[PDB]
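Quick notes on the structure that follows.
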Amino acid sequence: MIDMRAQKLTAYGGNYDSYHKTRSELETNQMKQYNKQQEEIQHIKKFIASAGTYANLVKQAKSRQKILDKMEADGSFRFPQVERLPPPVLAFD
RNA sequence: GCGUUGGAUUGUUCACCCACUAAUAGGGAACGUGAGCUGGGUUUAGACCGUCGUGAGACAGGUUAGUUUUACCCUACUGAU
């Protein structure tokens, strides 16, 4: 089975159950990669913004910015619910 | 022209207080004066704490411990032939 969802034809052997399970696995893993990368970037940029005006602190944070830029160069629908209705609903006789 | 202080806390400059006093004026002289002193502070190397840092370490912050050499020359000055 071959899917088109990201301008790439992804070809995994099997059925929609196996393909959907495999795609859910890879989406979970790439969400975790994306999440760890943005947590690390958030920590680095937080220390960089924490450094105010000094010589030593801005040079340490400028070093961390070099590390960060080196890392950057290395890389539905809904149903509205029912009213409370008695159990007899319809009677065709 | 002559005089403008004694003390407490602080390394103090400044400071504010107690007390006397006629008065408790302000300053300069390489911010007088370290081959005149002292070396409390600052500001090498030891060490502690907080904060920041992944770390080595940083501190706009605190605390302690830390060697300060020579005149017999010319001159100036004071005295002496």
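Please note: Cβ atoms are built from the backbone with ideal geometry, for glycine as well, and neighbour counts cover all protein chains shown. A short reminder: the numbers here are calculations on the coordinates, not readings from a lab.
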Problem - Residue in segment A:23-31 that is away from RNA strand B (no atom under 12 Å from the Cβ), under 29 Å from the mean Cα position of the chain (by Cα) and in a loop (DSSP other than H, G, I, E, B) present - result: no
Fill in the blank from the handout: Flagged in segment A:1-22 as surrounded by 11 or more Cβ atoms within 10 Å (Cβ to Cβ) and either of a type in the set (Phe, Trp, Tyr) or assigned to a loop (DSSP other than H, G, I, E, B) (or both), in numbering order, are A:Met1, A:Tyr12, A:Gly14, A:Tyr19
Problem - Conditions (1) within 16 Å of RNA strand B (Cβ to nearest atom); (2) not polar (S, T, N, Q); (3) not in a helix (DSSP H, G or I); number of the one not met by A:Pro86 - result: (1)
Exercise for the section: Can you work out which of the residues in segment A:36-64 that are farther than 19 Å from A:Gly75 by Cβ and more than 10 Å from RNA strand B (Cβ to nearest atom) is surrounded by the most Cβ atoms within 10 Å (Cβ to Cβ)? Expected result: A:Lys62
